[PDB]
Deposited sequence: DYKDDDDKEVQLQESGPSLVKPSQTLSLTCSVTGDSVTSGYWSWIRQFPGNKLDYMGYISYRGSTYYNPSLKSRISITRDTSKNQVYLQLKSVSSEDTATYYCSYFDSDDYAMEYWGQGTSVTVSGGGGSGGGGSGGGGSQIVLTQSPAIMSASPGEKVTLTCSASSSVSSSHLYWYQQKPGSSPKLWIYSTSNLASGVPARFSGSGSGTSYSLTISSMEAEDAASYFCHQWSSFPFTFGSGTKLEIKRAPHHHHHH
């Protein structure tokens, strides 16, 4: 019902300005937010900011002065402008749509890679995921954990699954609710600063990366992730 597609240069010189476009297609919308999220090499996800249905914007303090998110409703597009880029801005950029009236769904674009040839100040909740890599035999009960540096509302603790060459997919919302498309063998639990995702019985198709995410406090943050691999070569 809602598809997003990012576009723009794949290479930019330092000090130059980065400009990306997100073309939105699908059914009409009566609310919601369009966010820009980037993933650095190593797979760390970074929440950049958003522009709402009413043009209200929020920018991650670490980008505040360099970023601008705008909209051109007549042509159903959202834009991202990041000034004075450096090698630290090399990453895959994704635009995403979310309707706070419906926590169970989130849509992500295909993402577009950008390689480069802190006025703000604030605070953020750090999400730790250990171990970073994990191997399990099919049939094993698997448990992945996520520890927040500060408390977060369980209603705002989400989990995403990502496989190489694909954008993150909403997996669990509000700590223990499975998203559409997720096998019931998955479950989640937790509260305060301690959360977990469990697979009753590891299946081959479950090998992928899993990231926890919190949008209880601004700026929203993502965990470093846990790469789950299967055993037996």
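Visitor: Mind pulling out the bits of the deposited sequence that never got modelled, as residue ranges from 1?
Guide: No C-alpha for residues 1-8, 126-134, 251-257.
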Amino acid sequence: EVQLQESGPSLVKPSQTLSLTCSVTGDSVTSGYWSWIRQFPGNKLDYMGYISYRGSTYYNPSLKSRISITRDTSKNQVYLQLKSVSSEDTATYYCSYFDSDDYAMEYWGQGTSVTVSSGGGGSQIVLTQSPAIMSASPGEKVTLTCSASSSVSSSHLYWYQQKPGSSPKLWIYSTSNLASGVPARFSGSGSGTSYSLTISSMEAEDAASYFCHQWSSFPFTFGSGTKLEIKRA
From here on, numbers count along this sequence of modelled residues.
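Visitor: Please work out which of 214-222 and 6-14 has the higher mean CA B-factor as recorded in the PDB entry.
Guide: Per the deposited B-factors, the answer is 6-14.
Visitor: Hey, which bit's got the bigger mean C-alpha B factor in the entry, 63-71 or 50-58?
Guide: For C-alpha atoms only, the mean B-factor is higher in 63-71.
Visitor: Reading the B-factor column of the entry, which of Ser153, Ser149, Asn76, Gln129 has the highest value at its C-alpha atom?
Guide: Comparing C-alpha B-factors across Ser153, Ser149, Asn76, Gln129, the maximum falls on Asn76.
Visitor: Choose from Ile125, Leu157, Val116, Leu144 the residue with the greatest Cα B-factor as stated in the PDB record.
Guide: Of the candidates given, the C-alpha B-factor peaks at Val116.
Visitor: Test of reading the entry: by CA B factor among the chain's modelled residues, which third contains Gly32?
Guide: Its C-alpha B-factor belongs to the middle third of this chain's values.
Visitor: Taking the values exactly as deposited, rank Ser166 by C-alpha B-factor within its chain and report the matching third: lowest, middle or highest.
Guide: Highest third, going by the recorded CA B-factors of the chain.
Visitor: Which third, lowest, middle or highest, does the CA B-factor of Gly192 fall in along this chain?
Guide: It falls in the middle third of the chain.
Visitor: According to the PDB entry, is the CA B factor of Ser209 in the bottom, middle or top third of its chain, that is, lowest, middle or highest?
Guide: Lowest third.
Visitor: Can you tell me whether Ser201 has a C-alpha B-factor in the lowest, middle or highest third compared with the other modelled residues of the same chain?
Guide: CA B-factor rank for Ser201: middle third.
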